[PDB]
Each structure stands twice: as structure tokens, then as C-alpha cells.
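Heads up: the sequence lines are chains A and B, in that order. Using the working numbering, you'd call the opening residue of the first sequence number 1 and step up by one each time. Using the working numbering, you'd call the opening residue of the second sequence number 215 and step up by one each time.
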Amino acid sequence: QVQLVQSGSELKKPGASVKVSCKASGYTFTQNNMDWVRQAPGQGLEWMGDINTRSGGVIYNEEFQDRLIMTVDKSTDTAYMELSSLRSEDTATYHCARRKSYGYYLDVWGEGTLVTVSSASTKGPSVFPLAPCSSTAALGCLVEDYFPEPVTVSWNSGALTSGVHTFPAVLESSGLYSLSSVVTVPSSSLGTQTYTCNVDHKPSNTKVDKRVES
Amino acid sequence: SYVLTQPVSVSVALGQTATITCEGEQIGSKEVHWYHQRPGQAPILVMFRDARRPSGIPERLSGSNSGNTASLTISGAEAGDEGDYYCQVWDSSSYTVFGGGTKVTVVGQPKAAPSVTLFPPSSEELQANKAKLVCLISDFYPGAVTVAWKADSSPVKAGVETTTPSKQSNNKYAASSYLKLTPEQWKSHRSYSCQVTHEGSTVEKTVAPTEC
């Protein structure tokens with residue numbers, strides 16, 4: 001059960017610094033080097049560096065050396081990347097990835113942390129219930145006007161997964177995102193089972209539970 | 215610095231075979247590794263040391279490397295093969311190098327008609343002095359759709375934010391469309407409609423303020 005769990009997404013101002021963590025479990029931490037790879041939206045993979053988890057020695061992509069500090073905490077099996085003097089072009093998803101022991105490919109990848117670099121303000125979403133006024137019935141919630149990405153949506157604290165469809169966001173010229181999530185249920189469970197959407201917007205520390213039906 | 219070059223895109227139909235190249239000066243002297251990144255997911259290793267498959271990768275995916283060209287061949291293509299594929303090497307001076315990626319689209323899949331749901335503005339949003347209609351379009355294939363909003367049969371030309379159809383985890387497309395109206399506008403019509411055209415078929419959902 002090799003797992004690489006990363007810290008939450010963040011919005012940072014230009015000139016600031018971000019520190020992302022990657023907690024490793026399920027294997028002996030010091031048996032593998034750890035790498036950092038980023039991906040700007042819609043672009044390719046860019047390798048940033050590699051750290052030896054025993055010595056803390058690193059090999060950099062030269063373009064990042066001056067403002068990237070890669071470290072490990074051997075007491076907590078955690079790797080960190082601290083990118084400073086942030087620029088708009090640093091907006092990307094940062095992944096930690098384990099390097100194959102005695103090899104040079106990346107065998108396990110973390111899910112990534114989206115770091116947005118902008119002077120724009122953070123805005124947590126307004127969550128509205130989506131329901132018809134009058135075989136299957138559709139309920140939902142509109143996660144409106146948030147910045148930056150990403151947001152996660154779950155239904156009934158994770159218990160409801162079947163029939164759930166969380167849609168990708170629209171970006172308006174106002175600079176704000178919105179997204180919808182809908183659950184398709186049999187109409188017989190109306191009034192008996194309660195339907196609540198749980199919205200998480202880590203960049204603004206916003207957590208909302210919205211009761212849609214019953 | 216060491217450069218790896220891949221084609222921008224490859225299309226392959228269901229059950230078919232296609233090859234993605236990864237070109238580099240004397241790449242045949244290096245070991246080449248490959249990653250598959252599905253839409254909205256992290257990359258996964260799919261081939262290492264030119265031709266070896268890691269756990270869970272079927273034999274219908276193969277790799278090779280010779281001279282100045284390495285390649286990854288997808289045979290028996292399945293819907294789940296869609297995504298971006300990246301080649302990678304370790305160079306003693308340039309360290310880890312990735313190719314620019316190739317976008318693989320799996321075509322020839324069965325037509326799937328869209329499911330359309332139209333929601334009226336919520337009572338909670340009416341309180342905040344705004345009216346928003348939400349049209350959700352799901353489970354459709356291919357991705358070409360035309361979404362048109364109507365106010366009492368007349369086309370609207372203001373307040374429409376339609377997402378570009380994007381592939382879902384189910385390999386079918388989803389799109390959402392939103393219509394922004396003034397609360398006065400919302401009450402000044404008997405009905406509103408979200409019309410969706412897909413592969414020559416049009417479906418329409420309607421909402422009426424007096425039903426709310």
C-alpha cells in the first residue's frame with residue numbers, strides 16, 4: 001500500500017513562497033529517492049529535482065536551483081518542496097513521485113497539489129441546492145463563484161457514490177469559477193433518505209454542507 | 215540540454231493499433247520509460263526500460279527502442295487508453311528529461327445520447343438578487359454538441375457560460391451550461407428552455423417560474 005499523500009492546494013502572491021509536503025507510507029522511506037514534477041494547466045510534465053532520502057542531497061533542474069529547496073524529514077517519512085520568489089508561470093500542479101529503487105523511472109506518483117500564483121483574491125464558493133420545482137429524479141448543488149481551483153464535492157459524507165456526477169468548472173470573465181454536482185436517484189427515496197452535498201475549497205479554507213432534499 | 219520529441223496527437227479506433235514515437239539523439243543507447251495520464255488524473259508508469267511492463271499493464275501495450283527512435287504501441291485499443299502519454303529518459307548530464315507528450319484519443323466508440331437536466335434558480339439564489347438556470351448534459355458520445363438557450367422560444371444572446379465538452383471517468387462527455395438572468399427577467403417569461411443538439415438529434419428541457 002504505497003501511498004504518497006500531498007498537502008492541500010493553495011493560492012500564493014507573486015514573490016511569496018510555497019511549501020508542499022508529500023507523506024510517504026507503505027514502504028521503507030530511505031529505500032527510494034523522491035522527485036518533484038510539475039504540470040502547468042494544459043501543458044506537459046516538467047521535472048524539478050530529485051532528493052536522496054538518506055543524505056538529503058539533491059539534484060536540481062538548473063532552472064529551479066536558485067529558488068527551490070527540497071528536503072526530507074526522516075522522522076516522519078515526508079518529503080518537502082519549497083519554491084520561493086513565486087512567479088505567475090509557477091501556477092501548476094506539483095507532484096511528488098517516488099523514484100524506482102536503483103532505477104531512474106518514477107514508479108509511484110502523488111495526486112498533486114495545485115498552486116496558483118496570482119495577486120487575485122481567494123473567494124470561497126456559495127453553495128446552492130439544485131432541484132426540480134414540480135424513472136429517475138435529479139438533485140444537485142451549484143458551487144458558485146470561487147477562486148482559485150480546485151474544489152472537491154462529495155454526497156452524504158462519502159457514503160453516496162452511485163449516480164453521483166460532479167461536473168467540471170466553468171471560468172467566467174469575472175475571474176471566478178463555478179461547478180455543478182448532481183446525483184440521480186430513484187424517486188422512491190424522497191423524504192426517507194436525506195441528500196447533502198459536501199464542498200471543500202482548500203485555497204480559501206471553506207467547507208460547506210448543503211442539505212438539498214429532506 | 216537533451217531533447218525528447220513526441221507527436222502532438224494520435225487517434226486510434228477501438229480494437230485497433232497505433233504507435234507513439236519518442237525521438238532523441240542516440241536514444242537507442244538510453245533506457246526509455248513511459249507514463250499515461252488520464253484526464254484529471256496523475257500520471258501512471260506504463261512501460262519502463264524500453265519494453266518492460268509494470269504491474270497491471272496488459273500485454274497489448276508494447277515498447278521498443280532503436281537508433282534515434284523509441285516507441286510505445288497500443289494494440290486492441292480500449293476506451294480507457296485515452297489520455298496523454300509521456301516518454302522519459304535519465305541523462306547523466308541533463309538528468310530526468312520528459313518528452314512533450316502525445317494526446318491519444320480513442321475513436322470508433324458507440325454513439326451515446328446525452329442525458330439533459332435543467333434546473334431552475336434556487337430559492338437561496340433568488341434572495342441574493344440573481345437568477346441562474348443550470349443545464350447539465352451527460353453521458354454523450356461523440357463530443358460535438360450545440361447548446362442553445364431559449365426564452366419563450368426566442369434565442370438568448372447574453373449570460374451564457376457553456377463548458378467545453380470534456381471527457382469523464384466513464385469515457386463519455388459531459389458539459390454544463392449556465393444562464394444568468396435578472397430576477398425581473400426570470401419572472402417576465404412563461405418558460406425557459408435548454409436545447410441540446412447531438413449527432414442530428416435535438417432534446418429540450420423546459421422550466422416555468424409559476425411551477426416554483
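The C-beta atom is built at its ideal place from N, Cα and C for all residues, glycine as well.
Residue span of the alpha helix (DSSP H) that contains residue i, given as start and end
i              : result
residue 340(B) : 337-341
residue 401(B) : 397-401
Range of the contiguous beta strand (DSSP E) that encloses residue i
i              : result
residue 193(A) : Careful: residue 193(A) lies outside any beta strand (DSSP E) and carries neither H nor E.
residue 181(A) : 177-185
residue 311(B) : 309-312
residue 297(B) : 297-305
residue 218(B) : Element bounds for residue 218(B): n/a, residue is neither H nor E.
residue 39(A)  : 34-39
residue 240(B) : Note, residue 240(B): premise wrong, no beta strand (DSSP E); not H, not E.
residue 279(B) : 275-280
residue 333(B) : 329-333
residue 351(B) : 345-354
residue 60(A)  : 58-60
residue 415(B) : 415-421
residue 105(A) : It is not in any beta strand (DSSP E) - residue 105(A) carries neither H nor E in the DSSP assignment.
residue 378(B) : From DSSP, residue 378(B) is part of no beta strand (DSSP E); its letter is neither H nor E.
Interface residues of chain B facing residue i [CB-CB closer than 7 Å]
i             : result
residue 59(A) : 309
Residues that residue i contacts on chain A, provided the C-beta gap is smaller than 8 Å
i              : result
residue 377(B) : 167, 168, 169 and 170
residue 443(B) : Any property of residue 443(B) remains undetermined from this structure, which presents chain B solely from 215 to 426.
residue 390(B) : 167, 168, 170, 179 and 180
residue 268(B) : 107
residue 425(B) : 133 and 134
residue 277(B) : The contacting residues do not exist; residue 277(B) stays about 12 Å from chain A at best.
C-beta contact flag for residue i and residue j at 8 Å
i              : j              : result
residue 231(B) : residue 289(B) : yes
residue 419(B) : residue 407(B) : yes
residue 166(A) : residue 153(A) : yes
residue 320(B) : residue 296(B) : yes
residue 394(B) : residue 364(B) : no
residue 168(A) : residue 352(B) : no
residue 328(B) : residue 359(B) : yes
residue 217(A) : residue 204(A) : The structure shown does not extend to residue 217(A), since chain A is modelled only from 1 through 214, so no value can be given for it.
residue 9(A)   : residue 150(A) : yes
residue 310(B) : residue 66(A)  : no
residue 249(B) : residue 299(B) : yes
residue 16(A)  : residue 331(B) : no
residue 392(B) : residue 348(B) : yes
Within chain A, the residues that residue i reaches when beta carbons sit closer than 9 Å
i              : result
residue 256(B) : 93, 95, 97, 109, 110, 111 and 112
residue 339(B) : 126, 128, 142 and 144
residue 300(B) : 44 and 45
residue 350(B) : 130, 138, 140, 165, 167, 180 and 182
8 Å Cβ cutoff, residue i in contact with chain E
i              : result
residue 240(B) : In summary, chain E is missing from the structure at hand, where the protein chains are A and B.
Proximal residues of chain A, C-beta to C-beta of residue i below 7 Å
i              : result
residue 259(B) : 105, 106 and 107
residue 247(B) : 105
residue 294(B) : Those within 7 Å of residue 294(B) in chain A number zero; the least Cβ separation is about 18 Å.
Contacts that residue i makes with chain B (C-beta to C-beta distance below 9 Å)
i              : result
residue 155(A) : None at all; the shortest Cβ gap to chain B is about 15 Å.
residue 66(A)  : Those within 9 Å of residue 66(A) in chain B number zero; the least Cβ separation is about 16 Å.
residue 25(A)  : In chain order: nothing, as chain B lies at least about 17 Å away.
residue 35(A)  : 310
Proximity test, residue i beta-carbon vs the ligand ZN heavy atom, cut-off 7 Å
i              : result
residue 182(A) : With respect to the ligand ZN, the structure offers nothing, as it holds no ligand at all.
Residues that residue i contacts on chain B, provided the C-beta gap is smaller than 8 Å
i              : result
residue 174(A) : Residues of chain B passing the Cβ test: none, with the nearest at roughly 10 Å.
| task | Determine contact between the stretch 84-91 of chain A and the stretch 133-147 of chain A, defined as no fewer than three beta-carbon pairs at a distance below 8 Å. | result | No: fewer than three Cβ pairs fall under 8 Å.
| message | When you compare the stretch 116-134 of chain A with the stretch 162-174 of chain A, are there three or more beta-carbon pairs, one atom per stretch, that lie closer than 8 Å? | response | Taking one beta carbon from each stretch, the stretch 116-134 of chain A and the stretch 162-174 of chain A have fewer than 3 pairs nearer than 8 Å; the two do not touch.
| Using 8 Å as the Cβ pair cut-off and three pairs as the minimum, do the stretch 16-26 of chain A and the stretch 69-77 of chain A touch? | Touching, yes.
| request: For the stretch 117-191 of chain A, list the beta strand (DSSP E) runs that are entirely contained and at least 3 residues long, ordered along the chain. | output: Those beta strand (DSSP E) runs which fall completely within the stretch 117-191 of chain A and span 3+ residues are 126-130, 137-146, 152-155, 164-166 and 177-185.
| Cβ contact (3+ pairs, closer than 8 Å) linking the stretch 126-140 of chain A and the stretch 109-118 of chain A | Segment contact: the stretch 126-140 of chain A against the stretch 109-118 of chain A, fewer than three CB-CB distances shorter than 8 Å; contact not assigned.
| said: When you compare the stretch 250-265 of chain B with the stretch 203-214 of chain A, are there three or more beta-carbon pairs, one atom per stretch, that lie closer than 8 Å? | reply: Taking a cut-off of 8 Å on C-beta distances, the stretch 250-265 of chain B does not touch the stretch 203-214 of chain A, as fewer than three cross pairs fall below it.
| query | What residue ranges within the stretch 15-100 of chain A form continuous beta strand (DSSP E) runs of no fewer than 3 residues, ordered along the chain? | reply | Entirely contained in the stretch 15-100 of chain A, the beta strand (DSSP E) runs reaching 3 residues are, in chain order, 18-25, 34-39, 45-51, 58-60, 68-73, 78-83 and 92-99.
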